[PDB]
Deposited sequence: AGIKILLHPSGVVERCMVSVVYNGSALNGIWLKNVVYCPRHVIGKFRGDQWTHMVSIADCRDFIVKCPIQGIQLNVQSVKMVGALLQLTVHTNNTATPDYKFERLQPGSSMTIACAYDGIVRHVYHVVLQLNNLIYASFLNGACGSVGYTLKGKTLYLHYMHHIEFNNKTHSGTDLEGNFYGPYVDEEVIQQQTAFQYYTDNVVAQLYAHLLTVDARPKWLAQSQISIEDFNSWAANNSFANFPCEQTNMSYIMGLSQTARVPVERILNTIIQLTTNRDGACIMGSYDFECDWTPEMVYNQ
């Protein structure tokens, strides 16, 4: 069948640590001799206050533990890189894998390893939406949880949790310390970009339905529409211009011959399905549906 595929959290679990600073506690990941955690554990500051507030944070206050290895690390250097803190410790993590800090483009998926007190409690699947927010699930003390993927032996880190917004949305930074979207780690109302459907993922979801549930459903459109006529419709109906990624076409084309339904009909079905309308319609990437 066709399922939402997640990446095994084992390599991330061995690197997770807990970071507690003067009553505030969150999570952090431990790679080589550096621990990466959100900067707001030292306090809730704004704008350019961070440089100076990090400069006076004494390392003896950074209590860092890695429960899965039963060792308490000692901080020696503290450096702010973006909106993250790089905590240099004496002990090198023997469980460090070959990794890479890869930034996500909107529409791509990743595995969140939701962690509390330095221990991963849940893992689940999210996709970065065009508003640069993820629709996830976090409670107090979850900041520092990472979103990742895996390509063979290499851990690809994409995300670290920072803040939750009113409409059940979440934003954080990449492991280089830069937020996704115009969002910051400040507890104020922040304007969001209007939502837009990642069209390639909507098309991938419908094809997954025809390949597993029903080869010919009733709501499927009988007539085609051109990509051009769809893209003119999409510019006024909050749908992204198709195709979002030119590299998704070889997947979608292969999916359409497997399903014996040209993408023109799927696009038309998307337009006809606007009668029936957060939404969760873009969790299925064309790669994940085609490869499996």
query	finding
Non-modelled portions of the deposited polymer sequence, in sequence order	1, 279-286
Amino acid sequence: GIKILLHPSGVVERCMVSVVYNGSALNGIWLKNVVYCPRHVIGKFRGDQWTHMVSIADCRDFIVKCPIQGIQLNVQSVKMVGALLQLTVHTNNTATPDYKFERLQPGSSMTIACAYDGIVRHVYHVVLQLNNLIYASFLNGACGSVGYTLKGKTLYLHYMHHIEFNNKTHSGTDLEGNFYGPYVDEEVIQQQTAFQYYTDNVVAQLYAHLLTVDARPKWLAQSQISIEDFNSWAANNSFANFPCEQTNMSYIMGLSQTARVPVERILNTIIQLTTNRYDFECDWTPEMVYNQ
From here on, numbers count along this sequence of modelled residues.
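For the two forms, the rigid core is made up of the largest set of C-alpha atoms that agree within 1.5 Å on superposition.
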property	result
Between 163-171 and 215-223, the one whose CA atoms sit farther away in 5 other deposited structures of this protein (rigid core aligned)	215-223
Residue range whose averaged C-alpha B-factor is higher in the record, 231-239 or 64-72	64-72
Residue range whose averaged C-alpha B-factor is higher in the record, 214-222 or 177-185	214-222
Identity of residue with top Cα B-factor, from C244, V54, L26, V263	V54
Highest recorded Cα temperature factor - choice among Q129, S145, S77, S137	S77
Chain third (lowest, middle, highest) by recorded CA B-factor, residue given as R103	middle
Entry-reported Cα temperature factor of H158, expressed as the chain third it lands in	lowest
Ranked against its chain, the third holding the CA B-factor of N93	highest
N201 - which third its CA temperature factor falls in, relative to the rest of the chain	lowest
Position of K151 among the chain's modelled residues by C-alpha B-factor, lowest, middle or highest third	highest
